[PDB]
Amino acid sequence: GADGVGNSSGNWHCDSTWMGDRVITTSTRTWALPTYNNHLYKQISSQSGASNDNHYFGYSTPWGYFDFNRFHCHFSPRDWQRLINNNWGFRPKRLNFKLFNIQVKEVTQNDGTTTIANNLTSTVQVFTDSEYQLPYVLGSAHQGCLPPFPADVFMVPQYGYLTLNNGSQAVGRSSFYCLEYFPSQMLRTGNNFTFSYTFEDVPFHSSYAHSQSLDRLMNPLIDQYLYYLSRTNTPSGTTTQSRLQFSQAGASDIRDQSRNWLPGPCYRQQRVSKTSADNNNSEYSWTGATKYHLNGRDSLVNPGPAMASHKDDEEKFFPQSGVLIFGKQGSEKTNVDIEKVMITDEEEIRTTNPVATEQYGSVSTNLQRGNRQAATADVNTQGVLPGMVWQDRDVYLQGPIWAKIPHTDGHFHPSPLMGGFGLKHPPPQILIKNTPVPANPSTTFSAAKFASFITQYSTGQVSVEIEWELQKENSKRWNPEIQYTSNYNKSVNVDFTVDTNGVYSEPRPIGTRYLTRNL
Amino acid sequence: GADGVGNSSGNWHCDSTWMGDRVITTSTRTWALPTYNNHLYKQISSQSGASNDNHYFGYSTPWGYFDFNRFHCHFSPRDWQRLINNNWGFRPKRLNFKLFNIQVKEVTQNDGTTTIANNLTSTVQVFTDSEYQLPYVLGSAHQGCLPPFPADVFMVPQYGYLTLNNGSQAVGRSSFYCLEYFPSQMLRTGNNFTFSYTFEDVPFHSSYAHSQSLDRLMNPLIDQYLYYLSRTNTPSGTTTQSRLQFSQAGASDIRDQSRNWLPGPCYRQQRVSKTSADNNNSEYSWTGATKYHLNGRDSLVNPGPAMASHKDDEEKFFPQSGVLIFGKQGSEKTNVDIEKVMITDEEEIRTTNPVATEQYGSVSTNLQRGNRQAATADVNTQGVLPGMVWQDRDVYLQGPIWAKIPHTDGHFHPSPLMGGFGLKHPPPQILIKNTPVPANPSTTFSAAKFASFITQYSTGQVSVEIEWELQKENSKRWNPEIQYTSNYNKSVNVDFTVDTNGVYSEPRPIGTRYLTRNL
Amino acid sequence: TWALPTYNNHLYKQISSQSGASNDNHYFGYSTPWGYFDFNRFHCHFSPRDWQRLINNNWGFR
């Protein structure tokens, strides 16, 4: 840091600049940090009797952490539109981080009034691990983001983690991390903190949608030179006999043509409808779910593999867990009606990824003979096969930007299943805490742990700046594209704006896929 | 080679040196080489009536070969412990090979006595293919290793191979290799042989175990912002109606949370117990096995894909073939009791790879409607899907170090299924033979193949030195690790030591995974 | 992190054994307002895991 109590440690920077090829964004927010857990660590675990699936064991810490991982932190609704309408892809490159204008307040709750005053000599300490030595919590899509709207103020969320358990009990291999055991940087009023970071090379995210379905790749005018088996028998006299005929596949045969490629893999979902009348009356929620089984307990696959949500001309149906779901403004935690949630749509991927609610295809179950008749069965789960292409899941406007790839001997197509960018060395976790200030010890000496501290909290401003790389488009498409538009009719409230009471709200999910490409 | 009959061609080197980052090992053994097959090639094949699975066709040769491929050759039980306790991974780099102190003996069996004497002018010839032109036998985990204990003496195993067959009969494509048709190096007493080799780049083997299970990646304190479908219906009056409610997943919901990753693939096994009372009474061995079907015959998958052996708090069960199994000292070939075998345990991989005896998960089989009710089925086999992470199988103390990757147009995650390091250009096979010495031909000329030779054999010392690369650990774990310890109680015999009759024995399998890492 | 009280109301005092006591338990001395820092125990310096690249891996330390 630098200088005094009266001097300011940083300016407010929130802006976006568009350079053409690479583009830069900036934002600044205001935060407040409480003391958590009365300055002490605690182990936490599952509560008494619980399902074998719900057991957990871990620790909670006094430390907080910053999360900018959602897009809406970085991009405004309009800045989001020089991106998704005008471009075929984007990726991050490098970022900056800064804290400044730190001030610490102590509070006195005596009687029915609470007085608050500056504590000028108190400190707040911050570090960034950057060696990836801690359990990495970010990327699990928790709350506690920097707000989407720059004028809002937010608390910093508390930090904690989980470790191997057996039931509600720990195992010998289970690990315990003390955050005090790292070098950090102690800051007072008039001290600031910075670091900078560089993304590893990662593929552009695909903001295009395809103009060709994988099942139609070819010229309708010209027939193939390959033959397929067409008729298996022919009438002879009164009744048929076995005769094999072959054919070349034309535009009337398009079903039957040879191809060089296959659709992507599927792991199948249950289908439900937004119209309440079509759905069965029972509780199938947990029973009818698709799950995976790991170490004797069952977990839902909430996003699951990337698959189209519905087929043509059914907009009413979506996979049970297969989609992301966002809440509207002020929605509650539990048991809330469908009118409150916002359900995203995965469609444009129909052309490669198969629909999530249907089988991959059909396969032959048996060997035919004279007295046996051919039999097939549906394959509801398919792994990856050579010659198989697919697309990934869209990032939308608000959702995960990145995730940390687990450190393991093998992995396949690491792009993460919620969306965004898989990173082996992602942006490091930033951790922050209030330094404990003891209160009025006894006159005689005693060896005991202090239970008594001054009650205080801190606040300041944080800033983030990321540099993005863009991919422009050369398209010879003659006719116009599909663009993201706001409706021009009159309305009581404007979208993406404060209401009369001053609560900013986001009307609908906005994906990145509009501009079209050929497959 | 160099110099004389009286001069020695090499010193005994067996040692281990630890440099920190890289590390170097050395060993020397004493061998004896018989003449095989009376100096001639023979075709071999399956015997008369046999199962269609058991047919084979091939050749056996007079040549022998050296196999150091097991770890216990290179590492002593204590040297194995500055490795597995102190490190997160290791890989080979380069090796040396040497033969020396060669001496050839001829034997005379007349009457009831056998005299043995030096033959000073006889030769022994050796070559290393290194162009990978021969069938590559090593890596199939046969017998004939350099002994684990440096004072033992061993024969060199005989060399042979197999080729395409139809039943017990050869096919036109089947190949025949004459080892005489290579350049080799002929050695007498006072001649030595050397070559050196460099491993291609290969990933470190993972000697860590994970401190986090893949099903728990996230902060218990903070709720997600995503919604999952929670209740499918609500009571209305006397009976329920269809109503869809949604929820955000907290620490009580941990079963239901969204995740960016999925567990590794499985190919399922039958489960048996070490307690003899739980197992069914019948012969299910071959019938209840998991198999693959190639060209009309069936083969067991003995190791199979890497999967955890058992779940929490069942130590009694293991997959039917799914684990490696080692014999104790002096165990016989066939039909031996469980008390004689040593069964390895694959557990620490519970956190990623699914258990081998259970299904991967459940998937939805049908489309619901008003009068239809949701249906699911177990998926017992899963291929690789995008966003899937796993671990490989552990090497232990004694077992394959490497295998040769087959030469093919495609392969996936080549790490071999017994364990160790897949190599496209592995250490080349060393081949050795006694040169035939004819005996006393007839006085008149005859054109015929000699059936009569001097009876002789050779012996000497061999040496191997490998350089290893190590990966140290930076861990902020506060509490202690799990280490490999010998029990301190008194006992009749010390582990990994000679008994009163002088037979070295190994009490238990020792894996490499102790130190812990975060996932 | 430490906290330092004022001891003895900013003044020195002589202290000694209390009245009747065993001849073994008699003592005479002084107490001061001053405090002092003690790091002399190992567990201050070494964590349980750091203690294990030491005692398992080594024949001595100073």
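Asks: I keep staring at the environment of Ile 343 of chain B and nothing clicks. Help me out?
Replies: Position of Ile 343 of chain B relative to the elements: it lies in strand β26 (residues 341–343). Separated by 17 residues in the primary sequence, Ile 343 of chain B and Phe 326 of chain B have C-alpha atoms spaced 6.3 Å apart.

Asks: Would you take a moment to explain the interface of chain B and chain A for this structure?
Replies: By a widespread convention, an interface's size corresponds to the accessible area lost as its parts come together. In this complex, chain B contributes 103 residues to the contact, which on the side of chain A involves 115 residues. Both sides of the chain B and chain A interface together cover about 10,000 Å² of buried area, and 53% of this is carbon and sulfur. Connecting chain B to chain A are five salt bridges. For the salt bridge of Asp 409 of chain A with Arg 513 of chain B, the shortest nitrogen-to-oxygen distance reads 3.9 Å.

Asks: Help me out: how do you make sense of the packing of aromatic side chains in this one?
Replies: The relative placement of two aromatic rings is captured by the distance of their centres and the angle of their planes. According to the stated counting rule, one finds 65 aromatic pairs over all chains in the structure shown. With centroids separated by 5.9 Å and ring planes inclined at 65 degrees, the aromatic side chains of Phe 68 of chain B and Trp 402 of chain B adopt a geometry described as edge-to-face. Of this pair, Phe 68 of chain B sits in the loop between β4 (57–65) and α1 (71–74) while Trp 402 of chain B sits in strand β31 (residues 402–404); the two residues are 334 residues apart in sequence, bridging distant segments of the chain. Within the aromatic cluster, the residues linked to one another by ring pairs are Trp 31, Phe 66, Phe 68, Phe 97, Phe 193, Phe 195, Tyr 197, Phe 199 and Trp 402 of chain A. The ring centre of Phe 204 of chain B lies 4.3 Å from the NZ or CZ of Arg 91 of chain B, which sits over that ring. Just above the ring of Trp 63 of chain B sits the side chain of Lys 433 of chain B; from NZ or CZ to the centre is 5.2 Å.

Asks: I tried to follow empty space enclosed by the protein on my own but got confused; where do I start?
Replies: Gaps left between atoms show up when a probe the size of a water molecule is rolled over them. Tallied over the full model, the rule gives 13 cavities of 30 Å³ or more. Considering only enclosed or pocket space, the largest cavity measures out at about 210 Å³ in volume. Taken together, 17 residues form the lining of the largest cavity, with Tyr 136, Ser 140 and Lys 404 of chain A together with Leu 217 and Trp 261 of chain B sitting closest to its centre. Grouping the constituent residues of the lining of the largest cavity by class yields 10 nonpolar, four polar and three charged. What the second largest cavity holds in volume is close to 160 Å³. Lining the second largest cavity are 14 residues, with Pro 305, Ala 306, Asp 392 and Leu 417 of chain A together with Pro 386 of chain B positioned closest to its centre. For the lining of the second largest cavity, the residue count by class is seven nonpolar, five polar and two charged.

Asks: What exactly am I supposed to notice about the interface of chain A and chain C here?
Replies: Listed by partner, the interface residues are eight residues for chain A and eight residues for chain C. Viewed at the interface, chain C and chain A are joined by zero salt bridges. Taken together, chain A and chain C are joined by one residue pair in polar contact. Taken together, the residues that form the side of chain A that touches chain C break down as six nonpolar, two polar and no charged.

Asks: Would you explain the pairing of strand β2 (residues 28–31) of chain C in this entry?
Replies: Residue and element names in this part refer to chain C. Across the two faces of β2 the burial differs, with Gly 29 and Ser 31 buried and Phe 28 and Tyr 30 not buried at all. As paired elements, strand β1 (residues 13–16) and β2 share four bridges and run antiparallel to each other. Considered in β2, the bridge of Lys 13 is made with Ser 31.

Asks: How should I be thinking about the relation of the copies chain B and chain A in this particular structure?
Replies: Note: a rotation about an axis with an accompanying shift along it relates these two copies of the chain. In the superposition of chain B on chain A (RMSD 0.0 Å, axial shift 0.0 Å), the rotation amounts to 120 degrees. Interpreted geometrically, this transformation is the action of a three-fold axis. Closest approach to the rotation axis among the C-alpha atoms of chain B is made by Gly 383 of chain B, whose C-alpha sits 2.5 Å away. The two copies present different faces, since only 6% of the interface residues in chain B are matched by interface residues at the equivalent positions in chain A.

Asks: It is not clear to me how the environment of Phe 97 of chain B should be interpreted in this structure. Could you clarify?
Replies: Residues and elements named next belong to chain B. When you line up the elements, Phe 97 lands in strand β5 (residues 89–108). For the pair formed by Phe 97 and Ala 251, sequence separation is 154 residues and the distance between their alpha carbons is 59 Å. Beyond its immediate chain neighbours, meaning those up to four positions away, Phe 97 contacts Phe 66, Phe 68, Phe 193, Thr 194, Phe 195, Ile 430, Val 462, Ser 463 and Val 464.

Asks: I would appreciate a short explanation of the sheet that holds strand β16 (residues 227–229) of chain B in the present structure.
Replies: The strands making up a sheet associate through backbone hydrogen bonding, with each pair oriented either parallel or antiparallel. An order of β26(A)-β19(B)-β16(B) is seen for the three strands of this open sheet, with the pairing classed as antiparallel. At either margin of the open sheet sits one strand with a lone partner, and together these are β26 (336–337) of chain A together with β16 of chain B. Bridging between β16 of chain B and strand β19 (residues 245–248) of chain B involves three bridges; their strand directions are antiparallel. Each residue of the ladder has a partner; that of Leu 229 of chain B, found in β19 of chain B, is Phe 246 of chain B.

Criteria and thresholds
Residues numbered from 1 in each chain as written, not as in the entry; some residues may be left out. Chains lettered and ligands numbered in written order. Part of a larger assembly, values for the part shown. Heavy atoms only, no water. Helix = DSSP H or I, 4+ residues; strand = E, 2+ residues; numbered from the N terminus. Contact = heavy atoms within 4.5 Å. Buried area = accessible area lost by both parts, 1.4 Å probe. Salt bridge = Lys/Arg side-chain N within 4 Å of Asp/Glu carboxyl O. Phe/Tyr/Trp six-rings, centres within 6.5 Å; stacked < 30°, edge-to-face > 60°. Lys NZ or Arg CZ within 6 Å of the ring centre and 35° of its normal. 1 Å grid on protein atoms, 1.4 Å probe; cavity = no way out; pocket = protein on both sides within 12 Å on 5 of 7 lines; lining within 4 Å. Points joined across faces, edges and corners; volume = space filled by probe spheres on them. Nonpolar A, V, L, I, M, F, W, Y, C, P; charged D, E, K, R; others polar. Polar contact = N/O pair within 3.5 Å; in protein donor to acceptor, adjacent residues only side chain to side chain. Buried < 20%, exposed > 50% of the residue type's maximum accessible area, 1.4 Å probe, protein only. Pairing = 2+ DSSP bridges. Least-squares fit on C-alpha atoms.

Read these as spatial facts, not as claims about activity.
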